[PDB]
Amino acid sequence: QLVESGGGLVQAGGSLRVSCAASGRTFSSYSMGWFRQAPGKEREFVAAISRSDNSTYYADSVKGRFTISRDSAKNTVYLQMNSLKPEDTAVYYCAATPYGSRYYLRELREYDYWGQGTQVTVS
């Protein structure tokens, strides 16, 4: 079970942090990813954190601006967004995959559990 929080309206060039909380007993058996859907576009990969070694991976559009962190105590993952662009406006979904490999983390087809999504609107 996955629940996102922290969406909303933010100015262009600003920062925003969204979070995703899991079940608790399943925290250490699944890598966590973020996917987004912009108005009218296909949902796409954003970022992921590997359960194997806590290394993180980013889509070309966000690399350097967006970062993912983990708080194991709260069974929560965070997507920090810096220098937001109008093109970043989208519904952000968190998802869980049992794979640890970077090559699996960037693939929508390989995730088994999905959140409900949180809207991020960049003015």
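One rule holds for the numbers: they count along the sequence shown, beginning at 1.
- Of the two stretches examined, 45-53 and 70-78, the record assigns the greater average C-alpha temperature factor to 70-78.
- Between 110-118 and 15-23, the higher mean Cα B-factor belongs to 15-23.
- Split the chain's modelled residues into thirds by C-alpha temperature factor. Residue 64 is in the lowest one.
- Among the modelled residues of its chain, residue 89 has a C-alpha B-factor that falls in the middle third according to the deposited record.
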